[PDB]
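Participant: Got a structure for you, written out below as structure tokens; questions coming shortly.
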2 protein chains.
Amino acid sequence: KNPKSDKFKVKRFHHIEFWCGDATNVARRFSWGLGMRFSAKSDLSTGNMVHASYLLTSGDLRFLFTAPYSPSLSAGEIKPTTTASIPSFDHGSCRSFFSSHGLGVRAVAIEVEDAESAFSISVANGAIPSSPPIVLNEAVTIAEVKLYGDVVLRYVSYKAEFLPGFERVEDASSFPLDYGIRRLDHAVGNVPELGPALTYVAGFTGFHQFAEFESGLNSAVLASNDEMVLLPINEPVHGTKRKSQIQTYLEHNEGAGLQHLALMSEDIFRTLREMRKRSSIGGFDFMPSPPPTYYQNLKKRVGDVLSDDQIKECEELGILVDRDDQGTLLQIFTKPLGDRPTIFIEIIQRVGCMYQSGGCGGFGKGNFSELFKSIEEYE
Amino acid sequence: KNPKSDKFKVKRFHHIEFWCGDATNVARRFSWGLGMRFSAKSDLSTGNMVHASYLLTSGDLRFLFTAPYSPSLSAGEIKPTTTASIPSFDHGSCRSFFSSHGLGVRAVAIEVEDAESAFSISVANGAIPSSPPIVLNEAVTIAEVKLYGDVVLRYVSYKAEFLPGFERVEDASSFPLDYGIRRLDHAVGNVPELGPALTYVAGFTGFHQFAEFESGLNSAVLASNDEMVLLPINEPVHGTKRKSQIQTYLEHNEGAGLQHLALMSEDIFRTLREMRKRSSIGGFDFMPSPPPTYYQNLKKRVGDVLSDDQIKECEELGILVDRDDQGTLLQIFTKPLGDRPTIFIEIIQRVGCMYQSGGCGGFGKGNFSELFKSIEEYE
Ligand SMILES: CCN(CC)C(=O)N(C)c1ccc(C(=O)Nc2nnnn2C)c(C(F)(F)F)n1
Ligand SMILES: CCN(CC)C(=O)N(C)c1ccc(C(=O)Nc2nnnn2C)c(C(F)(F)F)n1
Ligand SMILES: [Co+2]
Ligand SMILES: [Co+2]
């Protein structure tokens, strides 16, 4: 049941902003590991004496990597006279964020019809303001409200090139990498208690609950009107045998924050082939493959959507497949993106629901015991 | 004139330690950009609840990348009960270092006959203690004294595998990259005033001055007895036409620190070919090539050591060559390794002085006007 209760008009994920200590090194690692291209920059070469920001993009996906310079470079400026292209940026907030959380996402940014109305309506419905609406170059307005822990939801709208103040990087410094990933599918937070986290976020957005046809966690998914913007949220279930990786997240992250970004690819087999080739030469590593008892048991679960030639292809790459009432889902997980066992990336491709409807296949909830039973069948 | 006045027995560069905010992402970028292999680790998988440290090595060169975890993971430990494998590590120092300087070198580590005597003799001759000698697993002793700004000189000695507490990483996670770089040649600091910086460092080491057969800077080089350990130091010359890149360093770095690491390669042409191939896919970029007026004018300067077939090879890669009284030197510079225009890397190969004697060829001092005259000859 989709009541379409969005309190304002939201279009689609716009970008994800990472707060790091060195933007260049993280951005270069991500660029090579994920086959994202170097798109735009704001830094000292563009007159930005405040922060260094680098945008990677592939398909519609935009990853923004930001880090602070020395405050001494901008000591004489004031907020109206600033050179920062992200007006919400602040040195102490950024330093306090990275020192507290390690590498992680600061903002999940959705495009809206009008950011200032989206900001006004939001706080009027309970959102905690983070940065009030600011109009950039009479062309883009930007506003931020708190989402959970230290991550904010960032509203973006254009009257009418990424953002004012950003230059387009040299064509020779830009190399057209592409491993098939195309857009952000969903972004998932971990919180100490989901109920208040849901009430608050559903409270100011009007997002509705998505259908979700020892766990380790309890989860629930928030969705815009066309179910394109999807914001799941997990919580721990204290008392299981094996300590919950959600609670593990909370202790190493110092509280709530973004757990994983799920990136959809137009060809998951080719994406995984190219990311796997780079695992040990600077890219990303993946979580251990499941035992073949799993892939042996899958013909009896998805043999209608997939030829056993390509289910074999799934066992090579360690891909995971599940199915909901309407579609089936292929998914695999990277190991944590940095030092701490916190934020990781999911690669997904969804088939069905045709002009594809959001959420087609669910989020792999059935895999918890599809893997557990599989582990048991081996031993 | 080499008086051999070293106040204690120093063998050779041991390692370089980088303090970052995320050790993994910097280490992966460096590994791919420089063709260094993943060698050893100390982190949560090795029981280290304090810091994450990753060693890359190629030839005799060892790059150590360290970042702090949340202090909450180790809140109950005390210095005798610590799990840190680098006993000198401290959370506040590390966080204050990276927030102040950006990515940069914290320690230049030289191997000695006996670290505690080297530490004792050093401070007795003026060194400012940083971390007193500590014996690791009755097998390695470690001590640190201040060198300039916030970088320390780290003494290492073995009675008799990198350091106690470090495990050797899995062979499948280790990929045998190698672009020909083999050992560290010299490491160069920038300071506000060189005289006091030299007096102090020459004061506690006994290192002697190396021969150095609008500048932009004034420099001087410190050398151990066999002139293997080389510690140059630059200072600005205020008042030139173009602002001194040394002073530029000091303002963006927030004071003194390490300016460049010079890595020697067994085949600079192949090193540069392989690093250049990766410039735009995650590696390192190089400073703009010189105009061919330079390479046209070089036959009349080094045509005896190099065939014009390989001087052509030098013009492709933008390599730079100079010569001293005994040897000739090939060198090229990377752009800064991170966000700030601070620390960069030099690649070098030295021919001559044969069983090769340190410093063979100098440090490219003649290139300042070999490039200036060349720039003028074009225009
Ligand atoms: C190998 C270990 N491993 C992942 C670490 C698993 O075993 N399993 C069973 C899964 C399966 C799906 C998802 C997921 O993606 N859920 C989701 N995505 N959006 N909303 N939700 C709720 C997650 C995750 F990522 F949340 F933890 N774990
Ligand atoms: C392209 C711009 N550019 C480098 C940025 C230059 O134009 N020139 C002329 C040089 C030449 C050599 C060295 C060097 O390596 N000197 C050294 N090494 N050890 N001791 N010393 C004193 C340096 C450096 F790296 F110090 F700045 N600059
Ligand atoms: Co997911
Ligand atoms: Co040099």
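Participant: Which count do you get for residues in segment A:335-368 that are part of a loop (DSSP other than H, G, I, E, B), within 26 Å of A:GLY102 (Cβ to Cβ) and hydrophobic (A, V, I, L, M, F, W, C)?
Facilitator: Selection size over segment A:335-368: 3.
Participant: Tell me which residues, restricted to segment A:56-84, are polar (S, T, N, Q) and more than 14 Å from chain B (Cβ to nearest Cβ).
Facilitator: Residues satisfying the conditions are A:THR57, A:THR81, A:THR82, A:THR83.
Participant: Shifting gears a bit: Would a scan of segment A:194-205 turn up a residue that is in a loop (DSSP other than H, G, I, E, B) and more than 23 Å from A:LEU56 (Cβ to Cβ)?
Facilitator: no
Participant: While we're looking at this one, here's another question. With the requirement that a residue be more than 16 Å from ligand 4 (Cβ to nearest atom), in a helix (DSSP H, G or I) and buried (at least 23 other Cβ atoms within 10 Å of the Cβ), what does segment B:236-271 give you?
Facilitator: B:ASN253
Participant: What are the pairs with Cβ atoms under 9 angstrom where one residue, in segment B:171-191, is more than 23 Å from B:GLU274 (Cα to Cα) and away from chain A (no Cβ under 14 Å) and the other, located anywhere, is of a type outside the set (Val, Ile, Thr) and part of a loop (DSSP other than H, G, I, E, B)? Sequence gap at least six, or different chains.
Facilitator: Once the first residue is more than 23 Å from B:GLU274 (Cα to Cα) and away from chain A (no Cβ under 14 Å) and sits in segment B:171-191, its partners that are of a type outside the set (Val, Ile, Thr) and part of a loop (DSSP other than H, G, I, E, B) give B:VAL188/B:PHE363; B:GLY189/B:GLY149; B:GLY189/B:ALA256; B:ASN190/B:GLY149; B:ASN190/B:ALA256; B:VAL191/B:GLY149; B:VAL191/B:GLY255; B:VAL191/B:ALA256.
Participant: Spot the failing condition for A:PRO87; the list is (1) part of a loop (DSSP other than H, G, I, E, B); (2) within 24 Å of A:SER157 (Cα to Cα); (3) within 13 Å of chain B (Cβ to nearest Cβ), and only one is missed.
Facilitator: Failing condition for A:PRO87: (3).
Participant: Please specify each residue of segment A:50-108 satisfying the condition of being of a type in the set (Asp, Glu) and either over 30 Å from A:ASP185 (Cβ atoms) or outside the structural domain of A:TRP19 (by CATH) (or both).
Facilitator: Within segment A:50-108, A:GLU77, A:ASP90 qualify.
Participant: Against the conditions (1) among the β-branched types (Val, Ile, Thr); (2) in contact with a strand residue (DSSP E or B) (Cβ under 8 Å, 6 or more places away or on another chain); (3) within 13 Å of ligand 2 (Cβ to nearest atom), where does B:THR248 fall short? Just the number, please.
Facilitator: Answer for B:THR248: the failing condition is (2).
Participant: Here are some conditions: (1) away from chain A (no Cβ under 14 Å); (2) touching a strand residue (DSSP E or B) at 6+ places or on another chain (Cβ under 8 Å); (3) over 29 Å from B:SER45 (Cα atoms). B:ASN125 meets all but one. Which one does it not meet?
Facilitator: Failed condition: (2).
Participant: Continuing with the same structure: Since A:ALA139 meets every condition but one in (1) at positive phi; (2) away from chain B (no Cβ under 12 Å); (3) touching a strand residue (DSSP E or B) at 6+ places or on another chain (Cβ under 7 Å), which condition does it not meet?
Facilitator: (1)
Participant: Within the group A:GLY327, A:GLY303, A:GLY364, which residue is among the small types (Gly, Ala, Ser), more than 10 Å from ligand 1 (Cβ to nearest atom) and crowded, with 17+ Cβ neighbours inside 10 Å?
Facilitator: When all the criteria are applied, what remains is A:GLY327.
Participant: Taking the criterion of being away from chain B (no Cβ under 11 Å) and at positive phi, would at least one residue in segment A:36-47 satisfy it?
Facilitator: Yes, segment A:36-47 contains at least one residue that is away from chain B (no Cβ under 11 Å) and at positive phi.
Neighbour counts run over all protein chains shown; Cβ positions are idealised from the backbone, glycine included. Basis: the model, the stated rules and, where named, an outside source; nothing here is a laboratory result.
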